[PDB]
Amino acid sequence: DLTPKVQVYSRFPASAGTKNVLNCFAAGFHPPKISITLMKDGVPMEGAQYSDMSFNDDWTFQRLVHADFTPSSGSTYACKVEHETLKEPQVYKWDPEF
Amino acid sequence: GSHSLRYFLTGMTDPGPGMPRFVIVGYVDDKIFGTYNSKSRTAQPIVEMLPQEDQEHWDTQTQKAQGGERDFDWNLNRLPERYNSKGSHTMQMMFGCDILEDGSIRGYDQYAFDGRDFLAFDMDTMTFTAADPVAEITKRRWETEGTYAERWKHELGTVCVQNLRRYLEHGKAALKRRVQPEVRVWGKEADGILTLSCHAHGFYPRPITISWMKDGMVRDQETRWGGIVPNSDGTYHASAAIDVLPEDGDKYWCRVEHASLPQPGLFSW
Ligand SMILES: CCCCCCCCCCCCCCCC(=O)NCC(=O)O
Ligand SMILES: [Cl-]
Ligand code: NA
């Protein structure tokens, strides 16, 4: 189908209290309009940036969103995704692997 | 050395709040080298790759991109009715060229409408192929005018390869700089089973492989791969997971091969 396939991952291997970048990558979706929000404990993270709209060889669209952050062991990080193929927003939790 | 130049063009009736309706992203060997969008109306190099570019080259890139934007706008205002139309619509184009190791050339030129194949142009035979009877209309009009074929034979086989050679030379420092992955192996237990995840962070160039081994023998049968996905600094990320009984958790190695590693690396939990 054409719903977003979403991965959340940190730029570097994560460790508590060390500056890093949190990534949310959505791919395989259509149409290209899409909402992607990085959050810390349900709060939108500040300084987030999005890639220029682009697509895979099979024409499906994709977008990377990223923001600087300092992971805290106390916190939940996640990526909230809204798309026309989605009746409700989809929340993808980051698995820190501390 | 085999090398590639690719442009990814998107026009959109409904790109979303504050987003440009027409975008171009250019790639050299899976590195973004420049971009254009309908808000800035400017084609710009990625200075981390192309640090010392002349304005005149990018003046040219800008005007060609603005023409592409006009053409996408023209088509988006015609194809929906022709296909019979009511929702949002998209138009896409991918074109470029390859220079094979022996110096021979390949051109690519493909279009899609609402995310489905629409039209392709084959440089070596100078022929079009239409994806359906509606696209066939545009095919016949373009071949009968007899202008597109010669322009894009030139565009793909001459201009693209020249620009590829220029980007390869101007961006050689960034293009050749190998970045070793930082590999993290993790394991989490749930419902009594241990999922082992091998994550490779921040490698360049893009090609990588990741395998899971037990007692030195490969175990592909129960491995899931997440795919190679981008970081924002032009490096990449890739992952592999495998489920195993918590008793045998010390017995698995993930094997990472990457051009930055003289020998494949073995990592455990
Ligand atoms: C580095 C990214 C920004 C610079 C990109 C350079 C711009 C090149 C794009 C021009 C291609 C647009 C043509 C697409 C529509 C079309 O088929 N028109 C008919 C035709 O051009 O013959
Ligand atoms: Cl180890
Ligand atoms: Na716009």
Side-chain angles (χ1 to χ4, degrees), chain A residues 1-2 27-32 53-56 58-62, chain B residues 2-13 22-30 36 64-65 67-77 79-80 82-83 87-100 102-115 117-136 138-164:
Chain A
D1 63 56
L2 290 185
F29 58 89
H30 181 101
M53 185 49 57
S54 187
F55 51 94
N56 190 277
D58 69 6
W59 301 117
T60 69
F61 292 100
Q62 64 199 45
Chain B
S2 162
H3 301 286
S4 70
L5 171 56
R6 295 284 189 283
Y7 303 86
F8 290 72
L9 295 72
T10 306
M12 281 155 296
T13 68
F22 176 80
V23 181
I24 312 191
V25 180
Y27 277 77
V28 169
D29 298 339
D30 297 303
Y36 174 93
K64 296 174 90 184
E69 177 187 327
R70 277 187 298 280
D71 294 346
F72 272 46
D73 171 83
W74 179 250
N75 279 136
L76 285 175
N77 284 266
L79 285 174
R82 193 178 295 168
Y83 273 102
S88 74
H89 305 275
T90 62
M91 232 247 278
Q92 290 159 279
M93 181 186 190
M94 187 272 292
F95 74 91
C97 70
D98 289 355
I99 306 181
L100 282 46
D102 70 359
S104 64
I105 291 294
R106 302 291 190 268
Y108 309 90
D109 185 352
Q110 289 195 94
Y111 300 78
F113 176 63
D114 286 349
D117 286 304
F118 181 67
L119 211 55
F121 169 72
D122 176 62
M123 176 188 75
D124 290 316
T125 68
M126 307 275 277
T127 58
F128 304 82
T129 63
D132 64 62
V134 182
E136 191 76 38
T138 295
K139 179 169 107 77
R140 289 203 280 254
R141 271 176 203 159
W142 288 13
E143 62 204 1
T144 292
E145 292 208 33
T147 273
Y148 184 101
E150 266 302 356
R151 291 188 283 105
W152 280 89
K153 172 161 182 82
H154 181 71
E155 197 64 36
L156 304 172
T158 293
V159 171
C160 263
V161 354
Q162 273 174 22
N163 281 338
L164 177 48

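Below, chain A is the first sequence line, B the second, and so on; all start at residue 1.
- Taking the side-chain hydrogen bond (donor to acceptor under 3.5 Å, both in side chains) definition, one finds that B:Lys153 meets it with nothing, sequence neighbours left out.
- Salt bridge status for B:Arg141 with B:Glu145: absent, with no side-chain N to carboxylate O gap under 4.0 Å.
- Counting heavy atoms from C-beta on, the side chains of B:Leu9 and B:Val23 never come closer than 4.5 Å.
- Ring centers of B:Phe95 and B:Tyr108: at least 6.0 Å apart, outside the cut-off.
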Full working for side-chain contact (heavy atoms from CB on, under 4.5 Å) between B:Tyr7 and B:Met94 = CA-CA 6 Å; B:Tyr7 303 86; B:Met94 187 272 292; over 6 Å; no
Please report the C-alpha distance between B:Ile105 and B:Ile99 in whole Å, then the side-chain angles of each, then the deciding distance to 0.1 Å, and finally whether the side-chain contact (heavy atoms from CB on, under 4.5 Å) criterion is met.
-> CA-CA 5 Å; B:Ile105 291 294; B:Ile99 306 181; 3.5 Å; yes
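- Taking the side chain as every heavy atom from C-beta outward, B:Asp114 and B:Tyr83 never approach each other to under 4.5 Å.
- Within the 3.5 Å criterion, the main-chain N or O of B:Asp73 finds a donor-acceptor partner in the side chain of B:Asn77.
- The two residues B:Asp132 and B:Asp117 come nearest to each other via the heavy atoms OD2-O, 4.4 Å.
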Output a table of donor-acceptor pairs, distance under 3.5 Å, between side-chain atoms of residues 120-130 of chain B and any protein atom two or more places apart or on a different chain; print 'none' if there are none.
{"from": "B:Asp122", "atom 1": "OD2", "to": "B:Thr125", "atom 2": "N", "distance (Å)": "3.0"}
{"from": "B:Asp122", "atom 1": "OD2", "to": "B:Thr125", "atom 2": "OG1", "distance (Å)": "2.6"}
{"from": "B:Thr125", "atom 1": "OG1", "to": "B:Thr127", "atom 2": "OG1", "distance (Å)": "2.6"}

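- A 4.5 Å side-chain heavy-atom check between B:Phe113 and B:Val134 finds every atom pair outside the cut-off.
- Scanning both residues, B:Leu76 and B:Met12, for their nearest heavy atoms gives CD1-N, 3.7 Å.
- When each of B:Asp98, B:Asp29, B:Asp30 is paired with B:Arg6, the side chain to side chain donor-acceptor pair (under 3.5 Å) condition holds for B:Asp98 and for no other.
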Kindly determine whether B:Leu119 and B:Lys139 satisfy side-chain contact (heavy atoms from CB on, under 4.5 Å), including the steps that lead there.
-> CA-CA 7 Å; B:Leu119 211 55; B:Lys139 179 169 107 77; 3.8 Å; yes
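- With contacts defined as side-chain heavy-atom distances shorter than 4.5 Å, the pair B:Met91/B:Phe118 does not qualify.
- Heavy-atom minimum distance, A:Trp59 versus B:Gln110: CH2-O, 3.4 Å.
- The nearest pair of heavy atoms linking B:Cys160 to B:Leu5 is O-CD2, 3.3 Å.
- A 4.5 Å side-chain heavy-atom check between A:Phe29 and A:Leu2 finds every atom pair outside the cut-off.
- B:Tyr111 and B:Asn75 are not linked by any side-chain donor-acceptor pair at a separation below 3.5 angstrom, with hydrogens and angles left out of the test.
- Salt bridge status for B:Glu155 with B:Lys64: present, with a side-chain N to carboxylate O gap under 4.0 Å.
- A donor-acceptor pair under 3.5 Å is absent between the side-chain atoms of B:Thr13 and the main chain of B:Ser88, judged by distance alone.
- Remark: B:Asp109 engages B:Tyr148 in a side-chain hydrogen bond (donor to acceptor under 3.5 Å, both in side chains) (not counting sequence neighbours).
- In plain terms, the two heavy atoms of B:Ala65 and B:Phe22 that are nearest each other are O-CE2, 3.8 Å.
- Across all their heavy atoms, A:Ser54 and B:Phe8 have their closest contact at OG-CB, 3.8 Å.
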Carefully, step by step, assess B:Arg106 and B:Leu100 under the rule side-chain contact (heavy atoms from CB on, under 4.5 Å).
-> CA-CA 8 Å; B:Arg106 302 291 190 268; B:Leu100 282 46; 3.9 Å; yes
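- Under the side-chain hydrogen bond (donor to acceptor under 3.5 Å, both in side chains) criterion, B:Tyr27 pairs with no residue at all, not counting sequence neighbours.
- Side-chain contact check for B:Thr10 versus A:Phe55: some heavy-atom pair is nearer than 4.5 Å.
- Side-chain contact between B:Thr90 and A:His30: present, with at least one pair of heavy atoms (C-beta onward) separated by less than 4.5 Å.
- The shortest side-chain heavy-atom distance between B:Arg82 and B:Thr138 falls under the 4.5 Å cut-off.
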